[PDB]
């Protein structure tokens, strides 16, 4: 809802979410929840939606563009989008004022690329490779990451993209209602599988 573009990064602020995106690689740098005090729940390893071509991370050919609907005094009102252009790869992050801890990654390529996925867990013990979904849980911050990748047990740790593809990313507290709003169709199977993580 509030966009602050710095010389080193772009910051998107809502009432409960604080996103930090870079300018050169199109990565999610940092994510904070603010529902119970400013809490640094995600930080960039090599997993913030890097676009890997054949085995090397790609950088953008131009500065990212910031757009959205409902430009209020403070940036936008209901939608913010950030466009990253790698030439033959376009990547758009979309954040809506739904206060659901859910953002979108609409991505398009000419040749197939690999998009690393964010992990909030300390170790692989609290990560789940589920059908069409990647789950990552941090028991310290109680933070959940649910990425709908639509690869149906073929996921190998990176999003294989070729052509148009939208990814839905949940990143926030373990609040069951918010997961139902983010993934209404698969909610039942999802929660039933998420029980198996320590939690």
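Numbering follows the first chain given and starts at 1.
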Quiz item: On average, are the C-alpha B-factors higher in 129-137 or in 24-32?
Solution: 129-137
Exercise. With reference to the PDB entry, specify whether the mean Cα temperature factor is higher for 167-175 or for 55-63.
Key: 55-63
Quiz item: Out of 94, 121, 116, 85, which residue has the highest Cα temperature factor in the PDB record?
Solution: 121
Quiz item: Of the choices 159, 147, 144, 69, which one's C-alpha carries the largest B-factor in the record?
Solution: 69
Exercise. Check where residue 45 lands among this chain's C-alpha B-factors and tell me if it's the lowest, middle or highest third.
Key: middle
Quiz item: Which third of the chain does residue 17 land in by C-alpha B-factor: lowest, middle or highest?
Solution: middle
Exercise. Sorting the chain's modelled residues by C-alpha B-factor, tell me whether residue 189 ends up in the lowest, middle or highest third.
Key: highest
